[PDB]
Amino acid sequence: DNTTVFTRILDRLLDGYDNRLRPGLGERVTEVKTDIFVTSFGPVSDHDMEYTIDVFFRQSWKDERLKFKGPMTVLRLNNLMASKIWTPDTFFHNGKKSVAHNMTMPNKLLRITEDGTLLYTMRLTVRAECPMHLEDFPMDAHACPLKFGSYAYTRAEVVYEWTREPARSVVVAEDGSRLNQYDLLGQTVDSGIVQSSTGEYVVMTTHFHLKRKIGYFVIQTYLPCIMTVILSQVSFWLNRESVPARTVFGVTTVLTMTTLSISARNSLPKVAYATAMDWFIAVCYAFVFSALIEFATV
Amino acid sequence: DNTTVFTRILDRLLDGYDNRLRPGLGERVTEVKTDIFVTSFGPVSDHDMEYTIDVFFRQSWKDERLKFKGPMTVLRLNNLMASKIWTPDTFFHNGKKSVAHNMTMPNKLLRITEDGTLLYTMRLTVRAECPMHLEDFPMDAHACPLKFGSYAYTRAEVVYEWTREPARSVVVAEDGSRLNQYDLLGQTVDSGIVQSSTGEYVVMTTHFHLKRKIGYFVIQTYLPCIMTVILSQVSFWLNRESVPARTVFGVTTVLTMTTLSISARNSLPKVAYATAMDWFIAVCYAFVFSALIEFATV
Amino acid sequence: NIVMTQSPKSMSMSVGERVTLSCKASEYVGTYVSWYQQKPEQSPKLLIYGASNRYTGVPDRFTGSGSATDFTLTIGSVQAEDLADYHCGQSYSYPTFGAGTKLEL
Amino acid sequence: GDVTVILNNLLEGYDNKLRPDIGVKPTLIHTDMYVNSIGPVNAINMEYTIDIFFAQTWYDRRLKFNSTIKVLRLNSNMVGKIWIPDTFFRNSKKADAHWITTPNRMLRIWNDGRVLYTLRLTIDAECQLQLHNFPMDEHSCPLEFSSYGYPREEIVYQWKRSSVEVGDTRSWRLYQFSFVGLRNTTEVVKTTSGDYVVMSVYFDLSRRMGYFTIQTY
Amino acid sequence: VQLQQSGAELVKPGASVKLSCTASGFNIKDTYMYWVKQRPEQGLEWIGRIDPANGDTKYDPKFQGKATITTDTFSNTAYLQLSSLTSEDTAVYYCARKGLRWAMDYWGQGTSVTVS
Amino acid sequence: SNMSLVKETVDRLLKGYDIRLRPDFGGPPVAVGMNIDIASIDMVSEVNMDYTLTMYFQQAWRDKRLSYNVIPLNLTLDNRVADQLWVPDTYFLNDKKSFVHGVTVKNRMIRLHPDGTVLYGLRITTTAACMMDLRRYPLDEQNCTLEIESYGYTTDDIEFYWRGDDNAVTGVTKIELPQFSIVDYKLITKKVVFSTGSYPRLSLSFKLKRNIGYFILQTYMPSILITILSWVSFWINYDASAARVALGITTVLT
Amino acid sequence: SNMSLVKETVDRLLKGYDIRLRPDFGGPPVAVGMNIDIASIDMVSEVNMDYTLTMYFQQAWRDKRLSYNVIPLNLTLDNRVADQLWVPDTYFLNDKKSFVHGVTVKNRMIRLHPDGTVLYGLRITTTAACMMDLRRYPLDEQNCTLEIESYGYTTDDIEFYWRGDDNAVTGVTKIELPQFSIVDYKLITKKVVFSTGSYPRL
Ligand SMILES: *[C@@H]1O[C@H](CO)[C@@H](O[C@@H]2O[C@H](CO)[C@@H](O[C@@H]3O[C@H](CO[C@H]4O[C@H](CO[C@H]5O[C@H](CO)[C@@H](O)[C@H](O)[C@@H]5O[C@H]5O[C@H](CO)[C@@H](O)[C@H](O)[C@@H]5O)[C@@H](O)[C@H](O[C@H]5O[C@H](CO)[C@@H](O)[C@H](O)[C@@H]5O)[C@@H]4O)[C@@H](O)[C@H](O[C@H]4O[C@H](CO)[C@@H](O)[C@H](O)[C@@H]4O[C@H]4O[C@H](CO)[C@@H](O)[C@H](O)[C@@H]4O[C@H]4O[C@H](CO)[C@@H](O)[C@H](O)[C@@H]4O)[C@@H]3O)[C@H](O)[C@H]2NC(C)=O)[C@H](O)[C@H]1NC(C)=O
Ligand SMILES: *[C@H]1O[C@H](CO)[C@@H](O[C@@H]2O[C@H](CO)[C@@H](O[C@@H]3O[C@H](CO)[C@@H](O)[C@H](O)[C@@H]3O)[C@H](O)[C@H]2NC(C)=O)[C@H](O)[C@H]1NC(C)=O
Ligand SMILES: *[C@@H]1O[C@H](CO)[C@@H](O[C@@H]2O[C@H](CO)[C@@H](O)[C@H](O)[C@H]2NC(C)=O)[C@H](O)[C@H]1NC(C)=O
Ligand SMILES: *[C@@H]1O[C@H](CO)[C@@H](O)[C@H](O)[C@H]1NC(C)=O
Ligand SMILES: *[C@@H]1O[C@H](CO)[C@@H](O)[C@H](O)[C@H]1NC(C)=O
Ligand SMILES: *[C@@H]1O[C@H](CO)[C@@H](O)[C@H](O)[C@H]1NC(C)=O
């Protein structure tokens with residue numbers, strides 16, 4: 001009879017409880033305090049204009065129906081009590097295919113405080129959309145967003161909030177960086193009110209500022225292009241009495257420039273505008289072609 | 001209040017109903033009438049020896065336990081009533097990994113006629129296996145089968161039959177063709193009995209006859225092979241005093257044939273015999289190599 | 001420490017016209033800047049929260065306009081009781097206020 | 001009818017959490033397979049696909065009824081209501097059953113309590129291929145299975161005399177390989193939880209050099 | 001809805017003071033409590049922050065080590081303790097309540113602390 | 001008080017509620033109005049002959065059994081009570097794979113109204129299959145649609161219509177694609193006829209005109225440049241043969 | 001007989017069992033011991049920055065409510081009873097997609113011992129994520145770890161340790177990777193601190 005008192009507390013807690021009704025349905029506004037702990041900022045896919053993130057997503061609110069009084073001041077309950085009470089229906093406005101992990105059990109956390117305050121934490125991997133403008137590729141800086149809010153609960157029913165100071169709410173771990181190509185500079189939270197065909201909803205926005213690293217594209221494309229341009233300019237020091245020599249020079253440097261341009265344009269998505277690697281490759285191709293036409297003229 | 005009467009009807013139908021027993025378990029043989037409406041004949045993956053097909057799969061039988069008498073003569077019920085009653089467990093004998101759509105609700109259909117007849121329709125995507133004999137690739141024709149029958153019910157318990165005339169039972173839609181590489185010529189149904197380790201089972205077979213379209217492989221392989229052979233043969237018109245010219249002609253023509261054969265072999269799956277395209281590439285390679293060796297002799 | 005620069009320090013104007021106060025931040029404060037009104041020998045009262053969100057109990061003549069760095073408070077058709085000190089304060093980080101803005105007739 | 005009475009009387013006071021003879025003797029399970037096809041044997045992930053009709057049969061003295069009918073032939077509806085062994089494939093990377101259009105399972109209970117349970121599976125099993133002598137190589141790589149929680153003292157497996165049966169062998173997805181034969185084996189393996197009776201089916205394959213010839217040679 | 005602070009008083013240079021702020025109309029375990037300092041005809045200055053539910057506090061770097069904020073949930077009060085006073089501490093101290101998008105919507109009445 | 005009153009109202013609504021039966025099951029058909037807020041069209045694949053789109057898909061009908069008058073406000077209930085009400089069995093005929101988002105919970109919305117009207121929204125990402133005519137690729141314009149049909153209920157049991165009929169689908173002009181550009185979109189009401197009955201259908205079609213700059217710089221510019229390169233073979237004198245052969249053959253191989 | 005005794009014993013164990021409460025819900029923390037039998041390491045991807053491993057993952061703890069004394073044998077129960085018992089909410093911090101195998105049934109094991117010791121085993125295929133430092137590619141050595149933590153229960157509610165502490169992970173010396181070779185392996189016990197409390201981690 002050591003766990004019978006807690007069983008009685010939990011049974012009395014859910015006796016007369018409707019998990020279809022938010023706390024204060026026609027009396028008050030539900031105040032949800034949100035928190036995000038990023039455990040790893042996943043890889044940013046450039047061809048889908050998306051990114052992946054893995055977060056501990058914490059939400060706190062106050063339900064006056066879940067007041068208890070017992071030998072403990074906080075009940076750290078399972079992840080199956082959360083499905084028997086009202087929890088907010090938070091979704092990610094720009095999510096593509098997110099997963100809420102349930103290995104080995106549903107990675108959810110429920111803590112009820114004796115005055116009725118609940119802390120509800122989830123572990124989930126979000127794959128969100130990051131619309132990018134690739135004018136300055138590969139020397140571009142982005143602000144990948146992560147917008148969430150409540151599905152079906154408007155501003156007069158459920159409002160969101162950060163639980164700590166907004167500059168200290170979205171917290172990224174130190175070892176949590178799965179970025180190969182980018183660099184996470186900082187975070188940036190925001191709050192607003194969007195309006196859709198069902199009403200006005202509160203939306204909590206987070207921006208992660210990424211700055212692409214050029215050290216790969218340099219060695220991949222920029223150094224072969226400059227080497228090819230210099231090797232094309234080598235031909236200007238040869239004697240004109242060797243016509244096949246300079247001919248094979250010109251045609252093979254144009255051939256390597258074509259292969260490099262094709263091999264370089266597969267990196268980024270199938271965008272319809274010109275980037276800065278495309279401008280660099282175009283100017284380098286112009287220089288090579290100028291060398292060949294100069295050879296043709298001489 | 002015309003909804004309580006139908007609730008009473010549906011509750012009287014399910015009062016003492018045992019959905020573990022086929023209709024007529026002790027008196028007759030359950031006779032299921034089958035129908036297939038192909039809404040789209042999906043793409044045929046030749047590389048995996050399989051094809052996809054999106055169908056409305058319709059079954060109909062007679063259950064004397066679901067007779068009623070109400071104001072309506074046919075109850076067009078939900079897709080959650082079909083799980084409480086007996087439905088035949090049809091499976092595809094050559095299906096690999098099929099799905100049954102669940103968007104937005106389970107795409108199932110249950111109709112109960114006043115005399116006890118049940119119509120049960122599902123919408124599902126069969127991914128079935130099509131064994132191909134690629135000896136005449138890419139000028140080959142196929143007959144992709146779709147065998148379905150009853151799992152767990154032998155011939156003395158459940159028999160299948162087409163609900164209309166067999167030539168008119170499997171119906172493919174007009175705009176229902178997602179084929180890019182083949183051409184659907186017609187359908188062909190059959191019915192038979194297979195002798196397994198547990199008894200005899202009725203098996204309904206459906207063959208879709210396909211004919212491969214050559215327009216891709218012409219431009220991919222047959223036009224480059226012929227043009228490369230012509231490029232090899234044009235070397236015979238140059239004079240015998242320019243030996244590096246014709247040498248690089250021949251060897252780069254061989255290079256073109258090798259990269260052509262590599263690019264053309266990667267389309268077809270990894271079969272262990274010779275197709276028609278393989279013989280064409282082999283004879284064209286023989287002609288190009290014969291041209292180069294003949295030049296070497298000259 | 002995010003600093004808020006408010007402008008102007010003081011402004012003298014009559015009754016009925018439109019007036020505008022500006023506030024600028026050093027760092028980023030994304031629509032978390034509130035505007036308070038403090039009358040002499042009284043406590044500050046919240047006028048505008050968020051960046052543009054009228055507090056429940058304020059007239060419609062106050063309007064906020066927000067950005068990431070530049071915020072403004074516009075009062076159209078002022079009265080004789082809208083004279084007080086006005087402070088802009090950010091809350092994106094630990095809160096810091098502006099220098100203030102006296103309003104005289 | 002009467003079959004409803006039989007089925008309802010078999011499930012009264014029935015506990016599907018306990019194997020038959022839970023404190024008496026181990027349960028003997030006879031297993032049969034019917035290979036529909038052996039899928040592509042790709043060496044990249046060191047795996048191969050297989051499609052089988054896996055059949056198990058054992059004796060459950062609680063599902064014993066007296067009647068004039070000898071066998072109850074049922075759907076998958078009653079599979080989750082009686083005790084079913086927890087057979088699992090030890091060398092599978094991915095494995096799924098079939099659920100279209102209705103769960104492809106079969107249950108048959110006999111007059112003396114003998115239960116036969118068959119289901120259709122598509123397994124993506126793994127076998128490490130020692131790729132020396134490639135592509136003039138021969139392999140024999142397995143499909144193993146055993147119980148997950150019940151050790152040798154609780155569940156014992158045993159092949160029948162007609163254990164593994166292949167189909168036509170021509171409609172199979174073996175492109176680069178050629179099926180030549182098979183052989184069954186039983187053994188006991190040491191595990192941290194106990195001794196388990198493991199049954200293996202080795203398919204012997206020989207690579208046909210008809211693709212690598214015109215591909216590379 | 002209402003925050004009631006203590007009364008104005010004088011204090012000798014070098015002593016310690018304890019200002020109080022009694023909340024009525026809500027529970028302090030729900031929101032944060034801010035302490036703000038205002039000099040005569042100057043801008044407001046933020047002293048510190050307390051989270052009454054957990055108990056952890058933050059302070060302005062200028063006031064770090066000088067002020068100590070504590071709470072008492074039984075009497076529903078919040079305290080601000082100032083130590084090692086100087087002449088530039090003659091000000092008006094306000095007790096504010098967080099709410100509605102981090103705005104400090106409800107303020108106290110303010111206590112006048114004078115250093116003689 | 002004000003909570004237990006609503007609790008009793010919802011418990012009364014769901015008591016004696018048959019989910020097997022649509023509203024007016026033996027009477028006139030039920031009208032269902034559709035709304036779509038398109039959030040993104042993700043990837044229009046020509047190799048798979050499909051396109052992915054995320055949408056907020058909302059349905060509105062009237063159920064006389066979910067009618068209350070004790071409380072005066074509209075009721076937004078938890079999204080798990082939509083498993084206890086009747087919702088229409090709507091499906092997309094041309095999809096290949098689809099799902100309702102299930103983060104952080106199942107992204108669906110239920111909303112009741114005091115007169116009986118039910119609003120039911122989902123957030124759906126679906127990969128719909130549309131066969132394209134690539135005889136003019138990449139200077140082509142392909143119209144491929146999403147068909148919205150009722151599976152179980154015929155046109156004498158249910159009626160589909162766009163809620164607004166011109167503002168029912170929103171967010172199309174704000175969609176930015178990397179390769180295409182939405183020039184026009186159309187909403188269509190229809191009735192299709194199968195061997196089981198006549199079924200209502202809605203169809204949402206988008207005309208996408210393909211952009212050209214990508215294809216210019218990727219294929220048209222290299223091919224024109226190789227063809228320009230293959231013309232310097234004439235500027236070289238006809239005595240040097242090896243040079244002209246290497247140059248021309250290199251252009252042909254390229 | 002034996003079937004009746006075991007049946008009434010299991011029915012008594014599950015009668016009045018609160019799955020919401022862990023063993024000793026108000027008292028000391030419960031100790032959970034881990035065993036891992038690594039079946040394979042499938043694909044170590046450098047482009048996706050992850051690896052895949054199949055494991056037999058076993059947890060052992062002691063629940064006083066599942067205690068019996070009338071039968072002298074250990075009770076292996078059908079795995080469906082694992083939804084009626086309390087099992088710890090162990091998770092992997094660096095995984096990307098995991099699943100329990102489901103052929104022919106859900107591949108998990110639940111075993112009760114007469115002193116209350118519960119043995120709970122799963123067969124998992126985890127795609128864990130590890131960032132690799134490829135600055136010395138291909139002459140490089142990379143250490144990436146599977147993290148085992150409790151999600152809901154803090155360090156004063158649950159406690160993790162390795163069952164054996166050197167032999168808790170077996171079958172790692174038998175792994176045949178096509179491109180790598182296991183040089184060493186380590187088992188670590190510590191506690192991590194998040195904003196919600198302190199949690200044990202292996
Ligand atoms: C993390 O969370 C994950 C997601 O929540 C979770 O994954 C889920 O796992 C659970 C448990 O393993 C799954 O639930 C079971 O699924 C079994 C089938 O699984 C296959 O199919 C599902 C989709 O299931 C639909 O179709 C089947 C078969 O037709 C139905 O049985 C299901 O109910 C369901 O039916 C509806 O939807 C259909 C369309 O899909 C409609 O057409 C239809 O009309 C219905 O509306 C797939 O999703 C699965 O794929 C995934 O899982 C496999 C596992 O192998 C993976 O390999 C793969 O990679 C995928 O990840 C898979 O293909 C169901 O058979 C099963 O239903 C029974 O068992 C449960 C549990 O005991 C019972 O509660 C339930 O009552 C059912 O039992 C009845 O029927 C069985 C038949 O065998 C009887 O034995 C039993 O006695 C009982 O009989 C009685 O009721 C009958 C009516 O129900 C009646 O007719 C009889 O007369 C009798 O009264 C169960 O639902 C779930 O599907 C997974 N979800 C997904 C999306 O993956 C994961 O486990 C979690 N992980 C952890 C570690 O926590
Ligand atoms: C892309 O293709 C689809 C399908 O071909 C087009 O949808 C079709 O649009 C036409 C013109 O709006 C419809 O014709 C209508 O017929 C009715 C008959 O009562 C008539 O009253 C209307 O005035 C009109 O003539 C047609 O029914 C409709 N559906 C089809 C043809 O299947 C779509 O418009 C195309 N382009 C775009 C921008 O979507
Ligand atoms: C499968 O297993 C059975 C049983 O072990 C094998 O049958 C045995 O065959 C040997 C001859 O090789 C006989 O001496 C035994 O008496 C047989 N046992 C019985 C009772 O069946 C069968 O050959 C095996 N099939 C294989 C290896 O594929
Ligand atoms: C299919 O949908 C129904 C109702 O929406 C649900 O009960 C069932 O679990 C779903 N099946 C799967 C496999 O998601
Ligand atoms: C319920 O919704 C309708 C339509 O959105 C609206 O006109 C009505 O005012 C709402 N009810 C209340 C009480 O606001
Ligand atoms: C039960 O398991 C324990 C630990 O594995 C073992 O020592 C004991 O002998 C087992 N008892 C039986 C009856 O096998």
# chains A, B, ... in the order shown; residues from 1 in each chain; ligands from 1
>>> residues_near_ligand(ligand="ligand 4", cutoff="8 Å", atoms="only C-alpha atoms and all ligand atoms", output="PDB file with C-alpha atoms, in the first residue's frame")
ATOM      1  CA  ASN B 102      -6.046   5.962 -45.725  1.00  0.00           C
ATOM      2  CA  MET B 103      -6.502   9.530 -46.926  1.00  0.00           C
ATOM      3  CA  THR B 104      -8.425  11.243 -45.564  1.00  0.00           C
ATOM      4  CA  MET B 105     -10.510   8.382 -44.202  1.00  0.00           C
ATOM      5  CA  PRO B 106      -9.916   4.690 -45.076  1.00  0.00           C
TER       6      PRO B 106
ATOM      7  CA  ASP F  83     -12.364  10.059 -34.223  1.00  0.00           C
TER       8      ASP F  83
END
>>> residues_around(residues="residue 212 in chain D", least_positions_apart="5", cutoff="12 Å", atoms="only C-alpha atoms", output="list in words")
residues 265, 270, 271, 272, 273 and 274 of chain B; 134, 135, 136, 137, 175, 176, 177, 207 and 217 of chain D
>>> write_last_selection(atoms="N, CA, C and O atoms", output="short mmCIF file (atom, residue, chain, number, x, y, z; two decimals), in the first residue's frame")
data_model
loop_
_atom_site.label_atom_id
_atom_site.label_comp_id
_atom_site.auth_asym_id
_atom_site.auth_seq_id
_atom_site.Cartn_x
_atom_site.Cartn_y
_atom_site.Cartn_z
N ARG B 265 24.16 0.54 -71.23
CA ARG B 265 24.01 -0.66 -70.43
C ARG B 265 23.44 -0.34 -69.05
O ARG B 265 22.79 -1.20 -68.44
N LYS B 270 20.35 -5.58 -64.65
CA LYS B 270 21.56 -6.38 -64.80
C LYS B 270 21.13 -7.82 -65.11
O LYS B 270 21.27 -8.72 -64.29
N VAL B 271 20.69 -8.04 -66.34
CA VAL B 271 20.37 -9.40 -66.76
C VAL B 271 21.64 -10.14 -67.15
O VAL B 271 22.66 -9.54 -67.49
N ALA B 272 21.55 -11.46 -67.14
CA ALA B 272 22.70 -12.33 -67.36
C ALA B 272 22.70 -12.96 -68.75
O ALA B 272 23.26 -14.04 -68.94
N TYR B 273 22.07 -12.32 -69.71
CA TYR B 273 22.06 -12.80 -71.08
C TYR B 273 22.18 -11.61 -72.01
O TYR B 273 22.34 -10.46 -71.56
N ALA B 274 22.09 -11.87 -73.30
CA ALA B 274 22.29 -10.84 -74.31
C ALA B 274 20.94 -10.46 -74.89
O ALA B 274 20.16 -11.34 -75.30
N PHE D 134 35.34 -12.94 -56.88
CA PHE D 134 34.25 -12.27 -57.60
C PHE D 134 34.69 -11.92 -59.02
O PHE D 134 35.76 -11.36 -59.21
N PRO D 135 33.83 -12.16 -60.03
CA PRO D 135 32.46 -12.67 -60.00
C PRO D 135 32.33 -14.17 -60.25
O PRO D 135 31.24 -14.65 -60.56
N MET D 136 33.43 -14.91 -60.14
CA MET D 136 33.40 -16.37 -60.29
C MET D 136 33.30 -17.03 -58.92
O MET D 136 34.10 -17.88 -58.55
N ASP D 137 32.29 -16.62 -58.16
CA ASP D 137 32.14 -17.01 -56.77
C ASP D 137 30.89 -17.85 -56.57
O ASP D 137 29.97 -17.85 -57.39
N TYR D 175 18.96 -12.15 -60.69
CA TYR D 175 19.55 -11.77 -61.96
C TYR D 175 20.96 -12.34 -62.10
O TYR D 175 21.24 -13.12 -63.01
N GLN D 176 21.84 -11.95 -61.19
CA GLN D 176 23.25 -12.30 -61.29
C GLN D 176 23.57 -13.65 -60.67
O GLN D 176 24.66 -14.16 -60.91
N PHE D 177 22.64 -14.25 -59.94
CA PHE D 177 22.90 -15.51 -59.27
C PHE D 177 21.95 -16.57 -59.80
O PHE D 177 21.01 -16.29 -60.54
N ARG D 207 27.12 -17.54 -58.79
CA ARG D 207 26.93 -16.36 -59.61
C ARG D 207 27.12 -16.74 -61.07
O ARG D 207 28.14 -17.33 -61.44
N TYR D 217 34.14 -7.82 -68.75
CA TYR D 217 35.22 -8.64 -69.30
C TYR D 217 35.40 -8.36 -70.78
O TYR D 217 36.53 -8.30 -71.27
#
>>> closest_residue(among="D:48, D:202, D:159, D:145", to="chain G", atoms="only C-alpha atoms")
D:145
>>> residues_near_ligand(ligand="ligand 5", cutoff="7 Å", atoms="only C-alpha atoms and all ligand atoms", output="list in words")
residues 72, 73, 74 and 113 of chain F
>>> closest_atom_pairs(of="chain A", to="chain E", cutoff="10 Å", atoms="only C-alpha atoms", output="Markdown table")
| residue | atom | partner | partner_atom | distance |
| --- | --- | --- | --- | --- |
| A:31 | CA | E:100 | CA | 9.6 |
| A:61 | CA | E:30 | CA | 9.2 |
| A:62 | CA | E:30 | CA | 8.4 |
| A:113 | CA | E:53 | CA | 9.9 |
| A:115 | CA | E:29 | CA | 8.8 |
| A:117 | CA | E:30 | CA | 8.4 |
| A:159 | CA | E:100 | CA | 9.5 |
| A:160 | CA | E:101 | CA | 8.9 |
| A:161 | CA | E:101 | CA | 6.8 |
| A:162 | CA | E:101 | CA | 8.5 |
| A:163 | CA | E:31 | CA | 9.4 |
| A:164 | CA | E:32 | CA | 9.1 |
| A:165 | CA | E:102 | CA | 8.2 |
| A:166 | CA | E:102 | CA | 8.9 |
| A:191 | CA | E:101 | CA | 8.6 |
>>> write_last_selection(atoms="C-alpha atoms", output="PDB file, in the first residue's frame")
ATOM      1  CA  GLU A  31      -1.338  30.797 -21.777  1.00  0.00           C
ATOM      2  CA  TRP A  61       0.700  26.007 -19.139  1.00  0.00           C
ATOM      3  CA  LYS A  62      -1.705  26.088 -16.225  1.00  0.00           C
ATOM      4  CA  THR A 113       3.055  20.906 -10.052  1.00  0.00           C
ATOM      5  CA  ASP A 115      -0.812  24.327  -7.922  1.00  0.00           C
ATOM      6  CA  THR A 117       1.042  23.988 -13.565  1.00  0.00           C
ATOM      7  CA  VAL A 159      -1.684  32.239 -26.909  1.00  0.00           C
ATOM      8  CA  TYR A 160       1.962  31.245 -26.863  1.00  0.00           C
ATOM      9  CA  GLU A 161       4.901  32.739 -25.027  1.00  0.00           C
ATOM     10  CA  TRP A 162       8.547  32.065 -24.360  1.00  0.00           C
ATOM     11  CA  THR A 163       9.162  30.816 -20.839  1.00  0.00           C
ATOM     12  CA  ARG A 164      12.402  32.767 -20.331  1.00  0.00           C
ATOM     13  CA  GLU A 165      13.722  35.943 -21.942  1.00  0.00           C
ATOM     14  CA  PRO A 166      13.320  35.653 -25.756  1.00  0.00           C
ATOM     15  CA  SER A 191       6.355  36.525 -32.323  1.00  0.00           C
TER      16      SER A 191
END
>>> residues_around(residues="range 18-32 of chain C", least_positions_apart="5", cutoff="7 Å", atoms="only C-alpha atoms", output="list in words")
residues 190 of chain A; 2, 3, 4, 5, 6, 7, 50, 51, 66, 67, 68, 69, 70, 71, 72, 73, 74, 75, 76, 77, 78, 88, 90, 91 and 92 of chain C
>>> interface_residues(of="chain D", to="chain B", cutoff="6 Å", atoms="only C-alpha atoms", output="PyMOL selection string")
chain D and resi 100-102+106+171+175+210-211
>>> decode(residues="range 2-13 of chain E", atoms="N, CA and C atoms", output="short mmCIF file (atom, residue, chain, number, x, y, z; two decimals), in the first residue's frame")
data_model
loop_
_atom_site.label_atom_id
_atom_site.label_comp_id
_atom_site.auth_asym_id
_atom_site.auth_seq_id
_atom_site.Cartn_x
_atom_site.Cartn_y
_atom_site.Cartn_z
N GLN E 2 -3.49 44.30 -9.03
CA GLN E 2 -2.95 45.33 -8.16
C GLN E 2 -1.68 44.82 -7.51
N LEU E 3 -0.68 45.71 -7.42
CA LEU E 3 0.58 45.45 -6.74
C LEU E 3 0.77 46.55 -5.71
N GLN E 4 0.91 46.17 -4.45
CA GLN E 4 1.06 47.11 -3.35
C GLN E 4 2.47 47.04 -2.79
N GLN E 5 3.16 48.17 -2.82
CA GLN E 5 4.51 48.31 -2.32
C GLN E 5 4.52 48.91 -0.93
N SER E 6 5.70 48.96 -0.33
CA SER E 6 5.86 49.49 1.02
C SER E 6 5.86 51.02 0.99
N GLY E 7 6.17 51.63 2.12
CA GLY E 7 6.16 53.07 2.25
C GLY E 7 7.53 53.70 2.15
N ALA E 8 7.55 54.96 1.71
CA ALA E 8 8.78 55.72 1.58
C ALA E 8 9.44 55.92 2.95
N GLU E 9 10.77 56.05 2.94
CA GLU E 9 11.52 56.20 4.18
C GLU E 9 12.90 56.77 3.86
N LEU E 10 13.59 57.21 4.90
CA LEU E 10 14.96 57.67 4.81
C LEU E 10 15.86 56.56 5.34
N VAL E 11 17.15 56.61 4.97
CA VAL E 11 18.14 55.61 5.38
C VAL E 11 19.50 56.29 5.39
N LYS E 12 20.34 55.92 6.38
CA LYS E 12 21.68 56.45 6.57
C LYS E 12 22.64 55.81 5.58
N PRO E 13 23.61 56.57 5.06
CA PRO E 13 24.58 56.02 4.08
C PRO E 13 25.42 54.90 4.68
#
